[PDB]
Structures are given as structure tokens and as C-alpha cells.
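Asker: I have a structure I would like to understand better, so I am pasting it below and will then ask my questions one at a time.
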Amino acid sequence: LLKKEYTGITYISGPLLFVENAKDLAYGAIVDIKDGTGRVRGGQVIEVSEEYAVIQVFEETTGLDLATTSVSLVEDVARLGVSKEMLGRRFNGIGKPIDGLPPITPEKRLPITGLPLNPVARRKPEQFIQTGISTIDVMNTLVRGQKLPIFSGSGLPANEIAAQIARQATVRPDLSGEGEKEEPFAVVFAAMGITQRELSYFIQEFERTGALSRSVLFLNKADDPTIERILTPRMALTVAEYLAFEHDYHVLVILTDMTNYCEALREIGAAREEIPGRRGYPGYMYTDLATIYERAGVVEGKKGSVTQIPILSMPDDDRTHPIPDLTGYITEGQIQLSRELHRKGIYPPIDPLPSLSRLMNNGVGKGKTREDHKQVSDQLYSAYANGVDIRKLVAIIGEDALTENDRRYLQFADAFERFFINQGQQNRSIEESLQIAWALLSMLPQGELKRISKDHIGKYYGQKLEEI
Amino acid sequence: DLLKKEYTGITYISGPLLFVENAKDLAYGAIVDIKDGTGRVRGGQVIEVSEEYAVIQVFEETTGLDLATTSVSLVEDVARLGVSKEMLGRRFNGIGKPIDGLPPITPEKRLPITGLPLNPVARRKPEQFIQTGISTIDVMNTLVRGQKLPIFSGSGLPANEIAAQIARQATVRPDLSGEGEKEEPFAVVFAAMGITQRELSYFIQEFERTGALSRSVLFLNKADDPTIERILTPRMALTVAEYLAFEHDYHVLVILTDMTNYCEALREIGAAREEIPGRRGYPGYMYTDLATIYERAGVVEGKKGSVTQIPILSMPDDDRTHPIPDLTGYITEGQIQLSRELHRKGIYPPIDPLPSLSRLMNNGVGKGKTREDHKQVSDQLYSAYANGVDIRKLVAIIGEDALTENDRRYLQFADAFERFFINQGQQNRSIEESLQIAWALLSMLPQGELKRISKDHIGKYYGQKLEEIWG
Amino acid sequence: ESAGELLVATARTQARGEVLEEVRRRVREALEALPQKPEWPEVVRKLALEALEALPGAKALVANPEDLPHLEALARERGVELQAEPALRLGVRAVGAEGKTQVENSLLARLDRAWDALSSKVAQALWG
Amino acid sequence: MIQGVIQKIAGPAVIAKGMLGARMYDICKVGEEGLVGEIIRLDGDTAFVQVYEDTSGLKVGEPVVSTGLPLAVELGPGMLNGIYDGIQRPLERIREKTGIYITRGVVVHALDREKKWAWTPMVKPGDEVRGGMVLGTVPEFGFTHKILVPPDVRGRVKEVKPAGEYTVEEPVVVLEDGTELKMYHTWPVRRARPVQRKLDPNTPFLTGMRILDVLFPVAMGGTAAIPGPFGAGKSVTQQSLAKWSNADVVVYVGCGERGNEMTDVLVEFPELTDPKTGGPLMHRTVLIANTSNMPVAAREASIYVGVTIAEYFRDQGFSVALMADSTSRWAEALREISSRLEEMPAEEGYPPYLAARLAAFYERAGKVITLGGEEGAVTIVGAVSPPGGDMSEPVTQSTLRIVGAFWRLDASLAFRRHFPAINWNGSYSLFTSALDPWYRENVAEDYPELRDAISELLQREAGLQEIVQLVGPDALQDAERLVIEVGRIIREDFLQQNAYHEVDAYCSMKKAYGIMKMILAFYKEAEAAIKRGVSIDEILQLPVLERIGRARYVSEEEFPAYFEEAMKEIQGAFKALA
Amino acid sequence: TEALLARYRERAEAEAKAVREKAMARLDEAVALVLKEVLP
């Protein structure tokens, strides 16, 4: 290669830049802009015509001028140098290492935008990931190859739940009947719009319990150039795809706040004078979010997998805001955090009534988990459902108008919220989550358990909550 | 004259427009013929002409055109239509060409489809009362001959059945006004704009049942026909109607089957040109545009014919403040508004009388006409029904047991009103039956509460029971 | 009921259509044989003349080679060039100065332009 | 063959230069790769091309070639049991060639040119053929695919191939004009295939779900819309409609949706059995898959391709069902392209001609008399995705002016796991009165009155639920108590349906009729008993309610006996109660 | 019931013939007039 420059700059305003003839710039290429002092910026060709090429500058245009600036190519598509020894490292949002250690040596360079998977080349997700959180493992199982967001709020603790899931998740293969403990996870952790306090929190969280050895961190502060937000998930997912479909890894990707991603996207889009959308969000936010979420799954004839857990804060706890709404049409369920459970002091304040996992029926049951998993989950949901509405009616009419079983159901609802949901910081395996669930069911008489089949309704019904 | 001039030099085609240069010899508003490299000819109309070029709105779709081979030739300087009495059994498409397989008509005249405004001095006051057989219209929102009366419908509500029932049952009642005894039937001009196949089959089977096809003209623009043609359908239908009425003394009834599709076409052709918009992108001249259609109705002094309009339009989200119903209400004389809540209770026809209105109602009721107690019965009904509805709103807060006795009487009146006076379901009620039912319903209230009716009308109509009219 | 009336009226309408179509075909065949008549040259000259009078500033004239010699003696007077063509028949077509404007004065063209205007006359004169 | 060069690239839109002589809505090959585009605006010497691929990496000055033809599909034997992308390319061939990703620019034929079909003729030399007649037949998975004359061809047969085995591009019938007719032909996807006559629908389109088949029926050639906010299980309902319908052929158009749904179909359907014939379910299904992260400008192409294939199979005499998986995605593609054109938009950024495209697409449905003289039909069930669950947006309000049925999904029902989560208070249907003559001869003599009684029961209970909202179920008499309990019984034993049960997934009309009759009979006996002095407690504690609860988990062949016994028990539970 | 249809079929055919003959009367003048007018 050899450096070829362009000095025909004819117009600079805001974030754009009009380079004259430069007809060898491909549409969508990455360029770099050096000026009279030497400081090199970066840019992307968003439109090329016969007269001029239009360039978007990643940073701000302070210092540029029309006499001394030059533009040279970098490559025709953005790429990233990946390698298996990225595990345990830490990067900044466009891959430069910020842990202090030296840069990596790349064995491939993959385009970061990726390609769509052929629908005939996929296969249905089938196995489950044990997160150690009972209200997810039992009632909203996460299946290997899924996209399961978490709907958080303003001051609800989503950072901690992310970190806890990250350091507790395991694949748990001995349940399957194979005993093939021969492949562990990798955890690619992408963080966007983050502050210094949260950054320190995450660093020491991962360093504390040795979870860094199997993680790759992409951390992006709230004071970095905006273009580096809209690239962090793409580099995270490129690393994940490489690992999963070239080295048979099971990868779990955690994108920590898509609410910041969407604001960066809106700000970049409004600089190209496009037609606005519902609240100022660009008219194509659905396609842009789709190109990120649809990169997870499992492929036929290969052993890897990519599981995604987006995390986002519904603004004003509004479920109809464009961010959570558009994320809802793409993913395969949702986990919702509740504010009242937070006030009560519960943790993690997961609300099991508005949550769901569509792919749950494939990943649980015989040969994958214990046999009773599905019916136990259903009966647990139904029993918690009517306890809540009993509490709603007693709230307005007197608790004098009561029956013998409504006492059972209020007691069940309380012991549920206090023992099943409120697990603190401990890490529960699936067996003991199921045991706690059976204990909580056993304080309702039979005939109230009209949802579970009759054989394990005797096999597991004995033990009561006395064990704590 | 008779020689033909072709303009090559097309310079632009996008959407529904087509710019052609060096065409100063076209008049503003002319009709042209666009012929492509295949020999297929489609139409258009000039909407802006200057010394450099002229702008054309194509009627058909623009698939297949190219800038090298297509040509543009003039047809006429003003868009005209060939009318005749012999088009009283025919069907034409949305631009006036036959679609029943018979040869075209031989025009007696050719009239400009844009029409001319009627002289306010030449007009006449509409007074003849029309009996539709529907009580909520006849008693409370009387329709007169020569009136504009739209139907504000919704998406799933049966406005088409109401229109067809009106067309089947409408008649003048000359024995009540003592004048004339001809009762010559109505001729029906039916213009459909963007209609679906289901509703078209409905209307056709209806007119075929009634035998009303032998005196009806049909202009059909289905939903798979081009969109920009809908600009011409209502103008052609009303040209034919005004011809029939004010030349051969017919009594015409015009039915325009959806003005919402007309406004959609208008907004499309107005956004292609970047007009200053109105409220939701509808062009700023939509008021004038609709007024040039609705105001082609009425009765002319010194002539026997008449023209009556029944536009039908669907308020988009049942929204009375949307631009289309808003402007149409600002033009026409009153409206007949349908109710979704009444439709959900199984009531047909679901006409709620409170947001309806007929402005010309007072011209054609009273002594020397229907009956002397018509007006007072009507507004007494309005008052009592309004009271019933407000008492419903109160029950929704303080429960039914807390009510008084007269409040329960008003509640019962509202209920029986909705279930016996509104809900008639395809039967044809003369005006006397309607007033009889109205008095039977009024007799539920104490005689001292009918404060809008005089003492003598009370004395000689109060006290009928509903069980007597029917059990 | 009215179904029989519709039947008889349809019959009448389509009969009138048949006869009018026949008259039109009759005149279409009467026209298409004129270049054998002795009035041919003078009518072609006046046709070309009104065509040229409609394009102030034509640059050429397209016609039929078979009647080309009928058309030489009147274009030289104004300088408008000539050109022959087999497809153009029973008339002449000019060409405007830019190449992007034409005027044709064929016979069948005038027939199709005037037939609708004269249909009322044919009806009123062939029935009453 | 018009050819120019690229002049300006911006997103999926490319302006070509030197294209004087290119026609509107023709197909072009952009670039040296040969990407496929369509001309949508001509200007001076240029042409505006929308590209159905990714325009990344393109360069100014590359070739552009116009082919002179609009977008077309190949219609013929070999489409069933396949999966296609937005412009009819077989995805299995793409996988055999270029691996597990979808790279741009691959070229494959739509119909396999190497297969052998057992041709059986039906015409003789000297015979007259016109558009739409039948030349011969070919077996395909147990159907009888019959070869049609292309809709605009006339002539007299000159020779015929004599009953052998051939490929699709083997000319089988040659006319006296010299024209050759093969086993396939092409058709422009934006022109509706003509028919002889449109008929009125008189026969129900059975979906298998009780609430839709009973309360809001749709007729055979009708159109329906099912708009639902996220999390309301729209995907399960669409799959169920694809799985149990009584159509002969199902065309599923996945216009901008998840890819795991296409994978679910591809994996499960070869196992399930067709109810009508013995074959696998996949043998009657055609998929068009254009997922959410595939090129945007191809979503509309996929819609048109799907409806043209459905029209073809209708022309063959079958009755087709077309499921357009989402039309809001098509609307968004329209909006994006119009944004690249610098057009002025309508209300919510959409182009001002969206309603026209929607209406022209929905107007391709209906029962017809084909050109060959036989009878077929096409039923369209389009999905919408309003943004805030907001039914006042442009797409929903434009769809509700042409559909005949409206099936409104609701999120409140789905947040308590009530499925299929259809709101019976906001939905409606316009085919229900024209279908009663069929219901009376094919279900029961008094089915309509059963349905009406159920509906008015539901209306009353939902009405008085507002009163009980404030003053508790303690404050109203036994009649209203019984009405609320019967409402609960209805909407937990009749309206609900588990889609993953091996029995409750599909439900016939006889079964729904039986359950309705059971419930109404119980209601009448209870009303009598109450007004002769019994209380709600003993009414609720009866065991026959358990019999009615388990009624929907009973197989179809053993339902008649269950029904008779349950009627006997309903009688005895109150006869013995004096 | 059908006598009306029979009477009307007769009336239709009769009037069709009447119109055709009344036309063939003066068609020869109609065509000459049109040819007169179309000509320049």
C-alpha cells in the first residue's frame, strides 16, 4: 500500500465536510483527517457523488481549515483485529486497550458490521444457562441462543444485577446426561454511556472474584466521542461471533444500557438532516437495533452459541416509549424490575407477573433440567397471581369478607416475595431453587395445586419451608 | 381544430407528475394524451404552464414511460363531458367511459365538468319535506328536497345500509302539503370513489333488488383503480346530475360514497407540489375544493328539478375534529352522525340524535306540512334525552339506588327511547307512526314536565301507551 | 318488473350503436381510397399549408414518397425542407424547429378528432 | 440495452447517468457486482434506482445496465415446500453456495432447471387455447399442478410433447404462431392477475381458534387485520393460523420480522401432518423470508412476490391463504425510500400514497371464477404493529378502511397469560350475517342463536363489572353474581386456548358448539334454582363445573360421548336439587 | 309469470328491426355528410 491524499476541501460546517473530486472513495469508507498541526481525526463517507464526497467527522471540527487539511483513506470497511487471547483484557470502545497492557496481535480482521445469518442455517435454541437467580432460572429460564432484555427504571439497581449475572452464570452440562463439563463460558461485557463511579465499580467487581479470566470488557465513558457509543456493541458482537463460531465457545453478551445507545443514535442521525420519528428518534431506529440484536443465536452443525442480555432503563417507567417498545418487537421476552419490590427492600426486585421468556418450553424439562420444571413454574405463577388480586380486594373492601384459602394465598404471596424473590447476594443452583419452590408450594393444600401432575405432586410435596 | 400537435421533450417523471418543455401552446387546465413506446394512451391534465414548460398530472400509473419515446398531444382546452338523457341505465368508470359493454353515448351537449356557481339571486328556498321512513331522521333531523346532508360514519359501522335504505324508501308526501300529486320517483346518481368489491357488490345487489337501476347512473372508481382519477369522479357525477335536474326536470339524489378517499387523492397530488398544508398535511385549499362540490345542489327559481346530496365519509378515529369532517360540517347543512356505542348494543340504525343536525328542518315542517306539533315534539324529545344521558353520567358515580323518582323516570325514558324509537331495523315508518311512537314515549314523563310543548297539543296527544302501538 | 324494459332498451341502444359504427366504417373506407382521385393534389397542398400555418417556423416536412412529387412545388416558397416516409399516409406531418414539436394532418386523424363532434349530427340526420 | 454509469450514491439509492431511454419501474443491474434495482424516477439524462441489496463499497463510475423489464416472478412447478427471499431466490441454494451468511449478488434460478416432472398432456393438435386454459398436469407432493396458458396468449396448437419426463424449460406445446409454451412463465408482480368474475364469499375460513371462528368469523375470500402491541403473542397466533387452517395452500410472507420464526417453521413443519391429506405440513407451504436485518428496500418486493404467488395458485383452482407477517415494516421501507427522494411527507413521516398501496394490495383478495373456468379464492390476513399500541396511527387507520374483519390483540390480557389475548370488546367482523346459511346446514340448526346468547352474556357481564369495580361482589344480588361467574366460566373455558397442548391446539366447530351449549344450559338451570331459593355457594361448589372445565382437553372423536354425558349431568345436578 | 318476458322479448326484437330499417333508409346521406365535414 501507499498513502494517497486529497486536499480539495471546499466546505466545512458542523460535523460535515465536502471533499472535492476524490472519486476513489467508496461509499461507507473510513478516512482520517490531518490538519496543519498534525492532529489526526477520523471520518466516514456518508455520501459520494461526482462533484464531491460528504464526510462525517467523528470528533468535532475545531482547528480544521480549508488550506492545510488533507484526507486519506484508511480502509473500505471498518474492521477489528481479533484473537483468542483477548480473554481477560479490557478495551475502550474501538478496541484500544485501556488496562495498561500492550496491544494484542491479530490473527484475523473481521468487518464489524457482520452479515445476516441465513434463516435456513440456524437451529432452534435448546439448552439453558443457569444464572443463579431463582426467579429467572425457574420462572423465566434463559435458553442458550436467546435475546432476553431486562427492563429497568430510574433508580432501580440494574448495574448490580448485570454484574451478578456476569459473575455467576455457568452452563451446567452434567444435568444433560452427557457429563460434558468440557466447555465453559466467555462473557463479553459491553458498557455504554457509563460514568467514572460505575466504571470503578465494574472493574473491581470483575477483579474481585476472578471472573476477568473469562471475560472481555468494552467500556465506554459518558465523555467519549459519540461515535464510540454506536460502535461498542458492534465490536462486542464481532468478538463474540468470532469466539462462538470459530472456537466452539458458549458466549454470553451483556450490553449494559441501550438507553444511552439510542440517545447517541438520535444525536448522530439529526446531524444528517434526516426525517425525525416518534420523539425525535430517527425513523430507522428499528432497523439499526435489529442489526445488533439479530446477531445472536445458534447455527446448525456448530457447537457455539451467542446469548444476549440487553439492559435498558425505561424513561419515566413508560413502557410505550420508543426505546423499550422497539426492543420489545425484536427480542424473545423480557424481564421486568418493579419499584414496589424495591421499596419493600427486596433484591433483585424482579417482578414475575409482567415477565416472560418465549423460548422457555424448549430449554427445560426431561434430559435438560429436572422433569417437573415446567409444571412447577406454571403452578408457581398461577398461585402468585391470585394472591396479588386477593391483596387488591382486601385493600379496598374489608378483610372481614374472607375465606379459609385466601389466608393460605396471602401467606403464600408474602413468603414467596420474601424467600423466592429475595435471595440477596447468594448464588443458587437450579436444584435448590426448585427445592425452595416446592417448599413454598407445599403450604397450599392439594386440589389447590390443580396444575401439577399427580405423581411428583406426591414425590416432591413433603418438605416444608422449615429448612432455611 | 382537427389537426394534431405532439410535444416531445419530456424532461421529468416522478410519482404522479410529468414536466414537458416548449409547450406554451397548452391552455391552463387542458386535457392531454400521453402515448408511450408501446402505443398505449393514458390521460392527464395541465396544472401549471409557463413559457418554459408545463406540469401535467397523470391519471393512470406511470409504469412503462420513458424520456425518449413518449409524446404528449392536446385533447381539448377545457375538460368537458358528453351528457345525454340516454345515460339513465349505464355504468361508467371514474373518468366517464362505459364499462357495461354497450357502445358509448351520443352526446346532446358537452358541458364543462368544473361547472359554474349558481347565482344567489337565481336560487330558491328548499321546502319540500322528504319522508325517509327513518324516525330519528324524519322526526328529529328532517330532510328536505334540495339539501346537503352527509353521513359521518366510522370504520365498522353500517353507513352503506343506511344510504341504501334511504334510497329505497325516500318519497315526498304530497297529500300533507296539499300540493301536486305526481310523486314521480327519484333518479339516483351514484359516484363511488375508491370503493372495495364487498361494498360494490352490496350496492349493486340492492339496486337490482329494488329495480332502481333503470333510472340510475353509476360512476365506479374501485380501490384498485388509479388514485388520481378520484379527482374527476365527483365532478362528472355532479355535471350529469345538474344537467338532468335543471334541463329535464328530474328530481335527482346524489350519493358520494366516500369523501375520505377523495381527500386522500387530494393530499397526494398536493404534496407532490409542496403546497402550504392545512392541519395534517391536507392542502390549504381543501376547503374551497370541497365547496366547489358540495355547493352544486339545491333548487333553482322557476324550474321544477332539484338536486339532493348524501355524502358519506368515515371520521378516521371516530374523530369529529379531523380536518375532513370538520370542513365538511362547515359547508353542508347539518349531518347525520352514527354512534359506535349504539352499534355495539345491536341497535340499527345507530344514529345518535344529539350530535346530529339539520339546518333546513324548519323550512319544511309544521302546519300546512307534516303536522303542527312536529317541531315541539322534536325539541321536547331532545331535552328529555339529554336529561337521561346526564343522569346516566351521575349514576356512574353515586349508584342507582341513590336516585330520586323523577331521575329514574328520565333514566327509563332514555332507555326506552334508545330501544324503541331509534331501533327500527329495516322497517318503513310513515311520519304518523313516528310521531305516534314519540308521543307514547313522551307520555312516560309527568304531564307537567313537557315544558316545551303547548297546552293544546298536550291535551290532544298526551296519554298513549306503548303497549297499544305494539305489544 | 323493469327487467323487460331494460332488455328492450338495451336492444335499442346496441342497434343504434351497430348502425353508427357501420356509417363510420363506410366513411373510413371512403377516405382510404382518395389518392386515386383528381382532387388529391390540391387537398394535399391545402393540408400541408394549414399544417405549416400551425407551426410558425417548421424545419422540415415528412410525407409519403408516392405523393412526394405533389409536395415539392409549395415548400420551396418558404424554405421548409422535405422528407419522404412510407408509414405516413393520407396526409403530411411537419416538424418544429427544435425537433421536439410536431404537427400531423392525416385524414384518419381528423376523422377520429371530428367523429365524436359529429355523432350528434349523424344521429339527428339518420333518425330524426 | 440502456447502460450508463453511477453518479451519486446515498444509502440504498443510486443515481445513474447516461440512461436516456430507460423505462419507469424497470429492473437494473447496479455496479460491477450486479446488484438488483428498480427505476422509480427519471430526470433529464439520469435515473433514480432503489437497490434491493447493500450498497456498501460501491464506487462512482461503475456500470449500470437496464434490462428493460419490470420485476417479475417465475410461476411454475417447484415452488411448494421451498423458502425464498425478497426477490424469489431459493435460500437453500444460497446456503449450498456461499455458507451460513447472506452475501450479496448471488444468481440462482427460482425454479430448479435440473428436475424432471412427469408431464401428462390435455390438448391435441388443432385445438384452440386462450389465456388461462389448462394444457396438462404434473404431480407435486400429492397435489396436481396443472400447467396454464400465460394470461395473455391466444392461438391454435401445432404440436404437443407425448407424455414423458421433462424439465421446466422443455417446450411442451408449440402454437401455429411459432410461440413456445414451457412448464413455467413470468409475471410482473405489480399487475394483478386477471380473472373472469369476482364472487361473493359464502363459506367460512376456519382458523382453528374458537374465539376467531365463533365470534369474529372471516369468509373464504375475505380480508382480516390483526394489530397487536408487543408481548401480546402475535407470533403464536400467526403460526397457529398457518398450522391448522382449512386452506389448500399457505403462503407465509415474513416481511421484516424475527429469523427464529422462519427457523421454527422450517424445523417443525416437516414433522406435522396435513389434516386434509396424509402428507407433511411443509408440503403445502411456501415461505418468503426477509428478516429484520436483511436489506430494507426488499420488504416491499417480498410483499408483492408473495401475493403474486398466491394469485397463481388461486388461478390453478385452489384456495390459498396469505399471511403477511407485518405491514408496518413495509410501511417503514416506503418511508425510508421516500426520504431519500426529498419528498414531502404525510402525517407521521409516511409518504402521502401509503393508503393507496395498502388498498391496492388488499384488493387482490377474494373468491373468483378463474380464466380457465374453475373456482378458487385467496384470503389475506395482514398483521400490523402500532407503535405505542396506538390504534390511531396511519397504518392501522388506513388498514381499517378496507378489511372486513378486525381482530384486536390487547396487552392487558397478555400480561396475565390469557391467550390468544384477543379483545372481544374492540373487535368486529363484517362477514357474520352472510355466513349464517352455511352455519345452519353445516354446524347446527340453531348455532346463530347460541352465538348471540354467548355474546350478550359477555356484554352484560363486562358492563356490570364496572359497578362491581367499586362496590365489591358483596353488594349485588345473586343474579349478577351468577352473571359474573358465568362470564368467568366462558372466558376461561371457551375463549382461552393453549397452543402447545396436543389436543387444545386445534378446535373444530362442532366442539365449540357443544361447549357453548353446555355453558348456556348450566346458566339456565342455575338461574331457575337461584330464583327458587338456593345460594351462590352450592352453585359454585358443584362438580359438573369440573366436567365443563376439562371439556376443551378432550379429543375430537371422543367428544360426542363426553357431550352427552355432560348434558345428562347438567340435568341431574339440579333435578336432584329439587 | 313468464308472459311478461315473452311480450318484452317480442317488443325488443320488433324495435330493433324498426331502428335498423329506419337507419338503412338514409345512411347513404349520413355518410356523405360526414365525409363532407371531415374534409378540409
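A note on labels: chains of the C-alpha cells are A, B, ... as shown, every chain counts residues from 1, and ligands are counted from 1 in their shown order.
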For residue 461 in chain B, find every residue with an atom within 10 Å (counting only C-alpha atoms), except residues of its own chain fewer than 5 positions away, and show them as a list in words.

Answerer: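 Counting only C-alpha atoms, the residues come to residues 373, 435, 436, 439, 440, 442, 443 and 456 of chain B.
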
Asker: Which chain C residues are at most 8 Å from chain B (counting only C-alpha atoms), as a list in words?

Answerer: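 Every residue of chain C that passes the 8 Å test is in residues 1, 2, 3, 6, 13, 14, 17, 51, 100, 101, 102, 103, 104, 105, 106, 109, 110, 113, 114, 116, 119, 120 and 123 of chain C.
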
Asker: From a backbone DSSP assignment, name each residue in range 124-288 of chain A labelled strand (DSSP E), as a ChimeraX atom specification.

Answerer: /A:128-129,142-143,150-152,185-194,215-221,250-255

Asker: Where does chain D meet chain A within 8 Å, residue by residue, with the nearest atom pair and distance in Å to one decimal for each, counting only C-alpha atoms, listed by chain and rising number, as a Markdown table?

Answerer:
```
| residue | atom | partner | partner_atom | distance |
| --- | --- | --- | --- | --- |
| D:7 | CA | A:50 | CA | 5.6 |
| D:8 | CA | A:49 | CA | 4.1 |
| D:9 | CA | A:48 | CA | 5.7 |
| D:10 | CA | A:47 | CA | 5.0 |
| D:11 | CA | A:47 | CA | 7.7 |
| D:55 | CA | A:27 | CA | 7.7 |
| D:56 | CA | A:28 | CA | 5.8 |
| D:57 | CA | A:26 | CA | 5.2 |
| D:58 | CA | A:26 | CA | 5.6 |
| D:59 | CA | A:26 | CA | 4.9 |
| D:60 | CA | A:23 | CA | 6.4 |
| D:91 | CA | A:120 | CA | 6.8 |
| D:92 | CA | A:120 | CA | 6.7 |
| D:95 | CA | A:118 | CA | 7.3 |
| D:100 | CA | A:118 | CA | 5.6 |
| D:101 | CA | A:117 | CA | 4.7 |
| D:102 | CA | A:118 | CA | 5.8 |
| D:103 | CA | A:115 | CA | 7.3 |
| D:230 | CA | A:329 | CA | 5.5 |
| D:231 | CA | A:328 | CA | 7.0 |
| D:257 | CA | A:330 | CA | 7.7 |
| D:258 | CA | A:330 | CA | 6.6 |
| D:259 | CA | A:119 | CA | 5.9 |
| D:260 | CA | A:124 | CA | 7.2 |
| D:262 | CA | A:119 | CA | 6.4 |
| D:263 | CA | A:119 | CA | 6.0 |
| D:264 | CA | A:124 | CA | 6.8 |
| D:266 | CA | A:120 | CA | 7.4 |
| D:267 | CA | A:123 | CA | 7.7 |
| D:289 | CA | A:119 | CA | 7.9 |
| D:292 | CA | A:290 | CA | 5.9 |
| D:293 | CA | A:291 | CA | 5.0 |
| D:294 | CA | A:116 | CA | 6.4 |
| D:296 | CA | A:287 | CA | 7.9 |
| D:332 | CA | A:284 | CA | 7.8 |
| D:336 | CA | A:284 | CA | 7.6 |
| D:339 | CA | A:275 | CA | 6.8 |
| D:348 | CA | A:277 | CA | 7.6 |
| D:349 | CA | A:275 | CA | 6.9 |
| D:387 | CA | A:325 | CA | 7.3 |
| D:388 | CA | A:320 | CA | 5.0 |
| D:389 | CA | A:320 | CA | 7.6 |
| D:415 | CA | A:354 | CA | 5.4 |
| D:416 | CA | A:353 | CA | 7.0 |
| D:472 | CA | A:397 | CA | 6.9 |
```

Asker: One decimal, Å: what's the distance from CA of residue 318 in chain A over to CA of residue 225 in chain A, could you say?

Answerer: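 Straight-line distance from CA of residue 318 in chain A to CA of residue 225 in chain A works out to 28.6 Å.
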
Asker: Find the residues around residue 8 in chain E up to 8 Å (only C-alpha atoms counted), leave out those fewer than 4 positions away in its own chain, and share them as a list in words.

Answerer: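 So, after excluding close chain neighbours, the residues are residues 4, 5, 7 and 8 of chain C; 4 and 12 of chain E.
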
Asker: Which distance in Å separates CA of residue 365 in chain D and CA of residue 221 in chain D, to one decimal?

Answerer: 6.2 Å

Asker: I need the contact residues of chain D against chain B, so if you could list those with any atom within 6 Å, counting only C-alpha atoms, and return them as a ChimeraX atom specification, that would help.

Answerer: /D:21-25,41-44,344,346-347,352,360,401

Asker: Given only C-alpha atoms as the basis, pick out the residue of A:430, A:415, A:186, A:169 nearest to residue 468 in chain A.

Answerer: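 Using only C-alpha atoms, the shortest distance to residue 468 in chain A belongs to A:415.
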
Asker: Residues of chain E within 10 Å of chain B, counting only C-alpha atoms, what are they? List them as a PyMOL selection string.

Answerer: chain E and resi 38-40

Asker: Got time to write the residues from that selection, N, CA, C and O atoms, as a PDB file, in the first residue's frame?

Answerer:
```
ATOM      1  N   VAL E  38     -65.568  16.168 -42.596  1.00  0.00           N
ATOM      2  CA  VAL E  38     -64.211  15.838 -42.163  1.00  0.00           C
ATOM      3  C   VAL E  38     -63.182  16.442 -43.108  1.00  0.00           C
ATOM      4  O   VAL E  38     -62.044  16.719 -42.717  1.00  0.00           O
ATOM      5  N   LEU E  39     -63.559  16.666 -44.353  1.00  0.00           N
ATOM      6  CA  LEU E  39     -62.598  17.134 -45.335  1.00  0.00           C
ATOM      7  C   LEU E  39     -62.311  18.618 -45.126  1.00  0.00           C
ATOM      8  O   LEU E  39     -63.189  19.366 -44.693  1.00  0.00           O
ATOM      9  N   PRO E  40     -61.089  19.075 -45.427  1.00  0.00           N
ATOM     10  CA  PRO E  40     -60.706  20.483 -45.303  1.00  0.00           C
ATOM     11  C   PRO E  40     -61.387  21.374 -46.333  1.00  0.00           C
ATOM     12  O   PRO E  40     -62.471  21.036 -46.808  1.00  0.00           O
TER      13      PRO E  40
END
```

Asker: How close does each residue of range 307-331 of chain B get to range 238-259 of chain B, giving the shortest atom pair and distance in Å to one decimal for every residue with an atom at most 8 Å away, counting only C-alpha atoms, sorted by chain and residue number, as CSV?

Answerer:
```
residue,atom,partner,partner_atom,distance
B:307,CA,B:252,CA,5.0
B:308,CA,B:253,CA,4.9
B:309,CA,B:254,CA,4.8
B:310,CA,B:255,CA,4.9
B:311,CA,B:256,CA,4.7
B:312,CA,B:258,CA,5.2
B:313,CA,B:258,CA,4.9
B:314,CA,B:258,CA,7.3
```

Asker: For residue 15 in chain E, please output as a PDB file with N, CA and C atoms, in the first residue's frame all residues within 10 Å (counting only C-alpha atoms; exclusion window: fewer than 6 positions along the same chain).

Answerer:
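Listed below is the output, out_11.pdb:
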```pdb
ATOM      1  N   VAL C   8     -85.451  -4.373 -23.631  1.00  0.00           N
ATOM      2  CA  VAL C   8     -85.807  -3.703 -24.879  1.00  0.00           C
ATOM      3  C   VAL C   8     -84.951  -2.455 -25.081  1.00  0.00           C
ATOM      4  N   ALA C   9     -84.621  -1.757 -23.994  1.00  0.00           N
ATOM      5  CA  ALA C   9     -83.798  -0.565 -24.118  1.00  0.00           C
ATOM      6  C   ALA C   9     -82.369  -0.921 -24.501  1.00  0.00           C
ATOM      7  N   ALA C  11     -81.537  -3.521 -26.301  1.00  0.00           N
ATOM      8  CA  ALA C  11     -81.609  -3.854 -27.718  1.00  0.00           C
ATOM      9  C   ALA C  11     -81.579  -2.596 -28.575  1.00  0.00           C
ATOM     10  N   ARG C  12     -82.399  -1.604 -28.224  1.00  0.00           N
ATOM     11  CA  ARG C  12     -82.413  -0.361 -28.992  1.00  0.00           C
ATOM     12  C   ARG C  12     -81.043   0.303 -29.005  1.00  0.00           C
ATOM     13  N   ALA C  15     -78.547  -1.532 -31.123  1.00  0.00           N
ATOM     14  CA  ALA C  15     -78.853  -1.408 -32.544  1.00  0.00           C
ATOM     15  C   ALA C  15     -78.365  -0.077 -33.096  1.00  0.00           C
TER      16      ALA C  15
ATOM     17  N   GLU E  21     -84.052  -0.638 -39.939  1.00  0.00           N
ATOM     18  CA  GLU E  21     -84.568  -0.259 -41.252  1.00  0.00           C
ATOM     19  C   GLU E  21     -84.686   1.254 -41.394  1.00  0.00           C
TER      20      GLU E  21
END
```
